[PDB]
Amino acid sequence: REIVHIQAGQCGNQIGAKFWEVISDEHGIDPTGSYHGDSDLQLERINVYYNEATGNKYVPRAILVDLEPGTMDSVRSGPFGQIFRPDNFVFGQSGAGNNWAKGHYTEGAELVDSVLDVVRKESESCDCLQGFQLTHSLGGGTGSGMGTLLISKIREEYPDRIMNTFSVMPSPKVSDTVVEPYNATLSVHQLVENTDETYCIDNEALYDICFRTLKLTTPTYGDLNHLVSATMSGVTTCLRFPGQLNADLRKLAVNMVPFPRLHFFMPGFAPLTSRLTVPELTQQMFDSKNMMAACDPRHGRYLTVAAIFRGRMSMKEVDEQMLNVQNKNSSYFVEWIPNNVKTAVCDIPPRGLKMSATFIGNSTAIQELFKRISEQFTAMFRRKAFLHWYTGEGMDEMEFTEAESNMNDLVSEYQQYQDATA
Amino acid sequence: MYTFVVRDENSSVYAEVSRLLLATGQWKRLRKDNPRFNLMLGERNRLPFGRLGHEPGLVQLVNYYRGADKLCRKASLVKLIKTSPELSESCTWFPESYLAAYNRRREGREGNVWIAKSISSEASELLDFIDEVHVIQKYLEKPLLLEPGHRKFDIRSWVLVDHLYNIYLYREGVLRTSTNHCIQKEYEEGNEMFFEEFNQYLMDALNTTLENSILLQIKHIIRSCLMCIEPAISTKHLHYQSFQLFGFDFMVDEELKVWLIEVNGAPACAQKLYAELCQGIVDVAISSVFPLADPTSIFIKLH
Amino acid sequence: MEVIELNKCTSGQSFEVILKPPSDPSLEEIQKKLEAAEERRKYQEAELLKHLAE
Amino acid sequence: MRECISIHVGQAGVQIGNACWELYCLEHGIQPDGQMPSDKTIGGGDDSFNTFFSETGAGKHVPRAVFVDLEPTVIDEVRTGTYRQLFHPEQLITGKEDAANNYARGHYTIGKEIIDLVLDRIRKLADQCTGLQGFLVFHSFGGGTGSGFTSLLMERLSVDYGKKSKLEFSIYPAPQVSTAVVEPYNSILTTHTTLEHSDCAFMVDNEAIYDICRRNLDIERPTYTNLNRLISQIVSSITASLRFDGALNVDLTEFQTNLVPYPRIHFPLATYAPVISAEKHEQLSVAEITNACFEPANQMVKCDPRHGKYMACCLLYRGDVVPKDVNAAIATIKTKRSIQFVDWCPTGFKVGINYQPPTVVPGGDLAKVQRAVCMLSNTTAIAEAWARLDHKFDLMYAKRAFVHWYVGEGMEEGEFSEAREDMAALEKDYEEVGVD
Ligand SMILES: Nc1nc2c(ncn2[C@@H]2O[C@H](COP(=O)(O)OP(=O)(O)OP(=O)(O)O)[C@@H](O)[C@H]2O)c(=O)[nH]1
Ligand SMILES: Nc1ncnc2c1ncn2[C@@H]1O[C@H](COP(=O)(O)OP(=O)(O)CP(=O)(O)O)[C@@H](O)[C@H]1O
Ligand SMILES: Nc1nc2c(ncn2[C@@H]2O[C@H](COP(=O)(O)OP(=O)(O)O)[C@@H](O)[C@H]2O)c(=O)[nH]1
Ligand SMILES: [Ca+2]
Ligand SMILES: [Ca+2]
Ligand SMILES: [Ca+2]
Ligand SMILES: [Cl-]
Ligand SMILES: [Mg+2]
Ligand SMILES: [Mg+2]
Ligand SMILES: [Mg+2]
Ligand SMILES: [Mg+2]
């Protein structure tokens, strides 16, 4: 039933804030928490993401976390800022200096119990907690380091619940600091072990889409985030509205995750076009140029796939188009998981669109993204470059070595299953 | 585009059919075990018919009829003819097959050679040969002989049955002459005489023609055998569809009566005909079900 | 084509027509199964918590 | 009069159950408030319909049913729906969190928690019975509840009611409407554990039902509501003999006697005709609807009986039918169709006629017909469905895909192989009785 949402660090709170703006709209909840929609579909499964207060107010079951008050002051000022439970803002002053170790071991260690207190209070009001979703980047310090610390601690206290993340991967094309590969590699290590599902959001990919497709000369974090929140709306549609397929976090995981470590998903959205038939959606959503992870699916194989169409359209035409892409490109789907492409339809489209499709792929191509971060990590680590920022926080080199090793292992695991035949 | 899989790498005929489908640029050959296929060119034995026609959105077609073995097994065929009222215990064009007959025939001097496989005049001689399942059928004894040579032969005809159960007789047949080309290879021919020439001989030596003296009977026999098992094997309203290529083997006696020897469910072809037949297969059996983008038939439709 | 056992009620009838003559665990063991599976879950949960404590 | 208790497990079992009871009510003139005007002995009696409905002193007619699901969404609909007054709250049982399409989770983890409550509720229905026949159990193969909880229940039902008959109505997984990739695992697992406990199981392949709904009701994209209304007709035909005066299949133990010579080979093929779009007719005759019982396109499971052997065959007509017309229909069919029985059984047909035509839901997708038939035939051809399923199982299991989810819930990996080997033996059994 209920999901508990956490957002951590600058990136995490920025996409987190947009996500609530978007879905709050779809569910007809204005910034005061009041409902004003013209349908029951909106309020039928609203309890998955919103608590109910008196006056029929709806309050996001969301927890905002940062080691620095900057971004959370910005969110409290933003459009929907007043909607969040003010008690659910949890923040330090020191910041994390884009340093995983500070978020995970020092600055973050000091703040984490305050967060878990709010996490707990929110879980105790839940009729039947599904699990948690966290939004964050892997390239910084708070979202990356403290975010994964939160996840481990959450798992210790709720070991039989589902842990789901939206993780923004760093790219040189859109980079804040040189140590992003370090922070990301350290974080992936945690994710491989402690999440059930991770939507890999590649900033490289978001940029290429804003630039080459949307024809935006100067993509901004605002643009990048519009894509992300639209994707986030799409991938959670099944959890928020009436539906048979992947209707909750555990059923999604059972359908999408054949092997416990291989739970990194390549999302996609359509339409995306610069300044609309069911075939059009279907071709675009499967198009490499539409993937929010910078990987070529034609370089790997799909283990499993979920597709969510939204709006009024022909179910018959949906089924047809899907079965075509699938039966026409059947080489890219593994033969040893029969019928591994599942489709859902929801009648309510996102704001401003007649219809849209969201794609969620578990492709072995994803190894490209990890191999990329591993190459960047290794270029520096050979020379122990910039290590002092981390050893100065108590970390040892050996811990970097293990993270590297484990991520390299994950990559080898994806290759194994890319070569497997019936 | 269309997709197919190949599960009999030994089939001479369909090896050529796959070659043409590919050379159409509208057919993709998928891997042996990819189930998302339009067309299966199946394995000669233990074809998994049970798994056909259950792939949503795919029209599936296969190049064998389930149950057609009832015609293509020596022993099965005999049972079928004997016990099937429209073929009947007493059928004109099939040699008695399986003692009471051995008596009658060796009651008078008139008789009495029988061949057996899975030839002799003494029963016990090969009846012991067996034990040391088979069928015993009268060895025509009075074959029609070719001159020059004074030699025996047999006729092979190729029949394509499509998904609608239309019965198509390939206009080209061959005579295997002196009988198997495997035994013999171990006359301006190559031990293979075709219709152009054999019709001429018939006109020359017997003042008759191929159509009249022999082909009529062949058509009748083919139409009779296949109409008989139609209700058992037809895929008319089935969740998948079948077509299949058969080879019928005939013997002609000296009175120009045609005799059915057997039917093969997996026939080869005359080297020189592979081109024409195989193209016909893709035309009538495959392209009929899976049409392409944007004659003079080589087949005689039997009805 | 012998027709036998023809029974007639006010709501219909039934009969048989012939064409040709004829040519486990205890409550105990279940409970053990479920309890053994339960212990296995507990062991796995204990290994995880131990790992998390490290 | 011996009672029958129905048990609906999981979404599919519950939703099909819903449609069946709706139909039963319509067929007997029971209103949703529970009153039955045509019924004259207020608060009791031993009429035929009483095998499915008990009665209160107020004249309410109450299904002898239990609804069970590990999550409350589907059952909540029963609680608030058209027929909410029919059911006593103790008959509807829900957990908080479902089996997540995981047999192990439904069977071991969550099943253990809720089994005793379910058995208590069933006992409460049993104690109200003067002479219980046994149970009819509706569930999917693919769902974690339908597969896993159902098999635990069936084992426990054998313990508490060893002398009782147990019949299944089982939904066999079809990708067309499938909500999970692991449904083949759940199917083999549940079949392995339930085999020794079920006396007769009627499989309904969603693929078959789907296609009949598209082809004959001109429905472009069938919903569960379309599927279930058709399925309910088939079930109603099968259970009619228990709920109406008749002489064929009049108690549960007779379903086995007439259809199941070999205990393990207990899956009869169901074939139904005519299915006619209500959105359009020329009424089919006895000959025709009977001939249609041999067309694969009308079967609950798509397979080819021509390439198998029959062990038994019942014909169940509803409406305007007399024996004369049936025998004549058969004669003609015997000579135009391929119908080979196992040579150690008589080549025949047990035939049941009920003069009341099928009933249809007002404003449904089915047209009223004057006569219909459902053929139950125990043929070896249905093993095709086992072979397809076992094949999909082998593809995933060879790489252990998804296996961690089941081990994770406390099941041993070894149970996968026991289950698969039992199905291999089951395919072997069909092979022998059916192949020359
Ligand atoms: N015919 C029909 N099939 C259904 C229906 N509901 C679900 N199914 C099928 O049943 C399978 C899914 O299993 P469910 O019954 O929904 O799962 P469950 O028993 O509730 O178990 P959980 O996993 O815990 O929810 C799939 O093959 C569905 O297509 C229904 O109402 N009618
Ligand atoms: N009853 C018979 N009378 C005369 N000749 C016969 C005969 N039965 C078989 N033959 C001869 O033996 C040859 C092959 O026999 P047969 O067809 O029965 O076995 P076969 O199956 O080895 C090869 P194929 O299957 O390609 O025909 C024929 O060409 C024919 O000349
Ligand atoms: N897509 C996106 N990426 C961001 C945003 N803000 C920061 N990033 C990325 O996140 C990383 C920096 O982490 P950040 O969230 O700012 O640090 P933190 O506060 O310590 O967690 C870099 O990889 C940035 O490219 C944002 O709003 N959107
Ligand atoms: Ca401090
Ligand atoms: Ca009464
Ligand atoms: Ca028993
Ligand atoms: Cl008992
Ligand atoms: Mg920053
Ligand atoms: Mg020959
Ligand atoms: Mg042969
Ligand atoms: Mg369900």
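So the protein lines, in turn, are chains B, F, E and A. According to PDB author numbering, the first sequence holds residues 2 to 42, 45 to 278, 286 to 360, 369 to 440 in order. According to PDB author numbering, the second sequence holds residues 1 to 98, 132 to 151, 162 to 175, 179 to 224, 241 to 248, 256 to 363, 371 to 379 in order. According to PDB author numbering, the third sequence holds residues 6 to 28, 44 to 74 in order. According to PDB author numbering, the fourth sequence holds residues 1 to 280, 283 to 438 in order. The beta-carbon is built from N, C-alpha and C at its ideal position, and this holds for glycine as well.
Taking the CB atoms as reference points, tell me whether residue i and residue j lie closer together than 8 Å.
| i | j | result |
| --- | --- | --- |
| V371(A) | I276(A) | yes |
| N59(B) | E3(B) | no |
| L307(F) | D306(A) | yes |
| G316(F) | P336(F) | yes |
| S158(A) | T193(A) | no |
| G10(B) | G143(B) | yes |
| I86(B) | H6(B) | no |
Taking 8 Å as the threshold (beta carbon to beta carbon), is residue i in contact with chain E?
| i | result |
| --- | --- |
| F202(A) | no |
| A314(A) | no |
| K352(A) | yes |
| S155(B) | yes |
Name the residue from the options whose alpha carbon lies nearest to the alpha carbon of residue i.
| i | options | result |
| --- | --- | --- |
| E265(F) | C244(F), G219(F) and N276(F) | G219(F) |
| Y24(A) | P63(A), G13(A) and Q15(A) | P63(A) |
| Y319(A) | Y312(A), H309(A), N356(A) and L286(A) | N356(A) |
| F268(B) | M301(B), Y185(B) and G148(B) | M301(B) |
| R308(B) | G34(B), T276(B), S340(B) and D199(B) | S340(B) |
| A375(B) | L248(B), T382(B), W407(B) and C356(B) | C356(B) |
| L153(B) | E183(B), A187(B), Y185(B) and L114(B) | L114(B) |
| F94(F) | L361(F), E165(F) and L186(F) | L186(F) |
| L333(B) | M323(B), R322(B), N350(B) and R64(B) | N350(B) |
Determine, for residue i, whether the minimum Cβ-Cβ distance to residues of chain F falls below 8 Å.
| i | result |
| --- | --- |
| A438(B) | no |
| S324(B) | no |
| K338(B) | yes |
| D306(A) | yes |
| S340(A) | yes |
| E327(B) | no |
| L333(B) | yes |
| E345(B) | yes |
Among all the DSSP beta bridges, which residues are the ones paired with residue i?
| i | result |
| --- | --- |
| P184(A) | For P184(A), which the question treats as bridged, DSSP gives no partner whatsoever. |
| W27(F) | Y2(F) |
| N380(B) | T314(B) |
| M166(B) | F135(B) |
| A314(A) | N380(A) |
| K341(F) | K341(F) is not bridged to any residue. |
Do we get a CB-CB distance below 8 Å when we pair residue i with the residues of chain B?
| i | result |
| --- | --- |
| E67(E) | no |
Any C-beta of chain A sitting closer than 8 Å to the C-beta of residue i?
| i | result |
| --- | --- |
| residue 282(B) | There are no coordinates for residue 282(B) in this structure, because the numbering of chain B runs from 278 directly to 286. |
| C131(B) | yes |
| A68(F) | no |
| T314(B) | yes |
| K52(E) | no |
| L24(E) | yes |
| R64(B) | no |
| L72(E) | no |
| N258(B) | yes |
| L307(F) | yes |
| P261(B) | yes |
**Report entry** Segments of 4+ residues assigned as alpha helix (DSSP H) that fall wholly inside the segment 207-262 of chain B
**Finding:** 224-243 and 252-259
Query - Secondary structure, beta strand (DSSP E): runs of 3+ residues fully inside the segment 159-210 of chain A - result: If we require 3 residues or more, the beta strand (DSSP E) runs fully inside the segment 159-210 of chain A come out as 165-172 and 200-205.
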